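Enquirer: Turn this into a structure:
(one chain, ligands or ions: 3)
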Amino acid sequence: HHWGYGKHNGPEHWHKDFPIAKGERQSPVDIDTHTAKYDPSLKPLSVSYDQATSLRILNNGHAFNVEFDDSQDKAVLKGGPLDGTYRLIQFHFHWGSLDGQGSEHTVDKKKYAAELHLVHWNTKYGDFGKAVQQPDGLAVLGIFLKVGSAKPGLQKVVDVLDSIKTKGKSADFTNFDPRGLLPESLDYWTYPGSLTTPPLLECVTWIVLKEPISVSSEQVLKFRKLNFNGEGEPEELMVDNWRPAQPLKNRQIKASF
Ligand SMILES: NS(=O)(=O)c1ccc(NC(=O)c2ccccc2S)cc1
Ligand SMILES: [Cl-]
Ligand SMILES: [Zn+2]
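Expert: Numbering: from 1, shown residues only. Ligands and ions are numbered 1, 2, ... in the order given. I have put the structure below:
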């Protein structure tokens, strides 16, 4: 009985195995744009993915991860609300069964068709493992996806999904440039939160971009052909792998603009 997104193992069940699910800084959250306050103490956000080196793509049964080689100082996120350098380790998405839902964070309660998560770990902690043991161990750059024009830079990811249809499958995925998934503006909202899937650790500084990227109906449709199940098992389409908004509690969302 592994955690998932179904009625008997979904988000409302997670707290049993992971009590932190009802924690004080859980993610995602709804972003009330009117209550969010401009923070002049925020430094310019810096996304340097020019030297990024992807290695593999994996269907972990919850989503698919494009993993990067993070053994060296390459692909880093810094500035903004961050202190120090955060290194990119992987990115994945959360999407719905329909265009009307799929994102984890919401803006004034609006749900986007999907949400891209670029995961980074604070380099002062040595590696990802030790980082997730710190309050400021991770930084996730979230980008909303809406259905409209295709995103050229996402097609290579879309075309390899057929090779990792089921849980546990992975494929080589080198030379993929994540810069092709970024919108024009780096305007963002930021707040302290957690991983949105078990173990739901509260080590994340969330940076959610205001400008969403557009993806075609065809592209998101292929995301929906993936499977939660493993090869040879009954097919359960990988859709609606998002956690709903959680209580903001004692937190303030800051705006960079
Ligand atoms: N959806 S999220 O908040 O961006 C997120 C990012 C990373 C993880 N990571 C894990 O659950 C994890 C923990 C230990 C070892 C490997 C992994 S993939 C979960 C959610
Ligand atoms: Cl189901
Ligand atoms: Zn995520």
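Enquirer: Can you tell me who the spatially most central residue of the chain pairs with across the strands?
Expert: In the chain, the residue lying closest to the centroid (CA atoms, centre = their mean) is residue 117, at 2.1 Å. Beta-bridge partners recorded for residue 117 (DSSP bridges): residue 92, residue 142.
Enquirer: Please verify my assumption that it contacts residue 139.
Expert: No: with contacts counted by CB atoms under 8 Å, residue 117 stays clear of residue 139, the gap being 10.8 Å. For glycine as for every other residue, the C-beta is placed from the backbone atoms N, C-alpha and C.
Enquirer: sec struct for the closest residue to residue 50 other than its chain neighbours, please.
Expert: Spatial nearest neighbour of residue 50, chain neighbours left out: residue 179 (7.1 Å); criterion: CB to CB, 6 or more residues apart in numbering. Recorded secondary structure, residue 179: helix (DSSP: H, G, I helix; E, B strand; the rest coil).
Enquirer: right, and residue 179 touches residue 49 too?
Expert: Yes: using CB under 8 Å, residue 179 is in contact with residue 49, at 4.8 Å.
Enquirer: Please identify which of those two sits among more neighbours.
Expert: residue 49 (18 against 12; other CB atoms under 10 Å).
Enquirer: mind listing what that one touches?
Expert: 75, 88, 177-179, 182 (CB atoms under 8 Å, 6 or more residues apart in numbering).
Enquirer: go with 6 Å
Expert: 75, 178-179 (CB atoms under 6 Å, 6 or more residues apart in numbering).
Enquirer: which one is residue 44 nearest to, not counting chain neighbours?
Expert: residue 79 (5.1 Å).
Enquirer: how deep is that neighbour tucked in, by neighbour count?
Expert: Residue 79: 17 neighbours (other CB under 10 Å).
Enquirer: which parts of the stretch 51-200 of the chain sit against ligand 1?
Expert: 117, 119, 140, 195-197, 199 (CB under 6 Å from any ligand atom).
Enquirer: wait, isn't the residue nearest to the centre of the chain in contact with residue 140?
Expert: Yes: using CB atoms under 6 Å, residue 117 is in contact with residue 140, at 5.3 Å.
Enquirer: separation between residue 214 and residue 51?
Expert: Noted for residue 214: a distance of 27 Å to residue 51, by CB to CB, to the nearest Å.
Enquirer: the more surrounded of those two?
Expert: residue 214 (15 against 10).
Enquirer: Out of the contacts of residue 49, flag the one nearest to ligand 1.
Expert: residue 178 (14.3 Å; CB to the nearest ligand atom).
Enquirer: and the closest one, how many residues sit next to it?
Expert: 20.
Enquirer: just use 17 as the starting number from now, easier for me
Expert: Sure, I'll start numbering at 17, so the last one becomes residue 194.
Enquirer: Not including adjacent chain positions, what is the nearest residue to it?
Expert: residue 65 (5.0 Å).
Enquirer: residues in contact with the residue nearest to the centre of the chain?
Expert: Residue 133 neighbours (CB under 6 Å, 6+ apart): 108, 156, 158.
Enquirer: Look at the first one and say how many residues are nearby.
Expert: Translated: residue 108. Residue 108: 20 neighbours (other CB under 10 Å).
Enquirer: before we move on, what about the last one?
Expert: Summarising burial for residue 158: neighbours were counted as other CB under 10 Å, giving 21.
Enquirer: need the contact list for it.
Expert: 131, 133, 224.
Enquirer: Equivalent analysis for the first one, please.
Expert: Residues near residue 108 by CB under 6 Å, 6+ apart: 79, 81, 133.
Enquirer: The residues you listed into TSV, with extra columns for distance to residue 180?
Expert: Formatted as TSV, those follow (distance: CB to CB, whole Å):
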residue	distance to residue 180
79	11
81	10
133	18
